[PDB]
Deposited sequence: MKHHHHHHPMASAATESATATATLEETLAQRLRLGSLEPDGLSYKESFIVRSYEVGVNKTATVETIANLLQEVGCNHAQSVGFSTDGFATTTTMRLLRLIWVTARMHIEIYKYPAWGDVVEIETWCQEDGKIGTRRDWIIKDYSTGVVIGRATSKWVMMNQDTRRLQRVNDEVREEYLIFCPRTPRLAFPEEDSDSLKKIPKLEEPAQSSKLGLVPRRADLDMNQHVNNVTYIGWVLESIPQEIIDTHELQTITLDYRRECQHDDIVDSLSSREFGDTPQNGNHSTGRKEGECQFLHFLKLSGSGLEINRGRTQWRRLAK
């Protein structure tokens, strides 16, 4: 009784959500964290519907002790849905160069069929024993390429997409910082790993209150380098680079080692 299903061609997956009272923030609309969680939810349901499995592995991936890891996540929201709004999310995967796979999403207001947001993500294979990036042969690829559109389908079809823009390391000292952030138990998933959405909240903690009060987020790009461990302590840094952009850097308090880096783009709210 899910209202979540493969499309007729079996190469993309759609799921609808009614935005809940507790999912909205100050703007009376769905938080970035809610959106990120819905993108993940539809990914997982898609994975289950075509027979993968927490890590979206194939038979041969489990055989070679390989797992998918996020290199990049990019979310663009044109309009945050309010409480009671039904949103429909379509998601699909595609081959990305010689090391990567993409997952893309399109977010539509279910009522109007208008696109209100889009996301894309770059995934690489890692040997779970050695933590090394591992290229795989064509038959490993064929196991998931079956379930991808044959001709390029891009959520970001434009020429020089912000989705692909490199993120530099911001220069210390940062204009803005939230220091000594620690995972809570509620920030661990079903496999005892720190959830991506934890990193979106920590990025957003670095934004000055003045920006949060007068602007909402249009884009977030994260490049992941390391997993935060359950007893790690983290600093969220930001600097600027009716519009503003911020660079972001998450680093370990002790060692200064990069957890991830980010870019946010904001638009002034006039009402």
{"property": "Deposited residues without C-alpha coordinates, grouped into stretches that follow sequence order", "result": "1-31, 85-86, 275-290"}
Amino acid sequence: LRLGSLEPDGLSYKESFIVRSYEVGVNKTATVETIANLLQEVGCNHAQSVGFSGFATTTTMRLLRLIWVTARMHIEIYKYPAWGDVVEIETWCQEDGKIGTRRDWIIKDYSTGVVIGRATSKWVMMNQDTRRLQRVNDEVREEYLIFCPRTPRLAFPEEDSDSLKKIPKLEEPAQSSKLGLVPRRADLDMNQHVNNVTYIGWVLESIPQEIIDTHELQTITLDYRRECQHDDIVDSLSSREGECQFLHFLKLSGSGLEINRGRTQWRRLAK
From here on, numbers count along this sequence of modelled residues.
property	result
Entry-level comparison of average CA B-factors, 174-182 and 82-90, reporting the higher stretch	174-182
Given 151-159 and 92-100, the range whose Cα B-factors average higher in the PDB entry	92-100
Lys122, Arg118, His193, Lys165, ranked by C-alpha B-factor: the highest one	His193
Top residue by Cα temperature factor, when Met126, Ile200, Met73, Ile107 are compared in the entry	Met126
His46 - Cα temperature factor, lowest/middle/highest third of chain	middle
Chain third (lowest, middle, highest) by recorded CA B-factor, residue given as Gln229	highest
Chain third (lowest, middle, highest) by recorded CA B-factor, residue given as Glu243	highest
Where the record places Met61 (Cα B-factor, split into thirds across the chain)	middle
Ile67 by Cα B-factor - lowest, middle or highest third of the modelled chain	highest
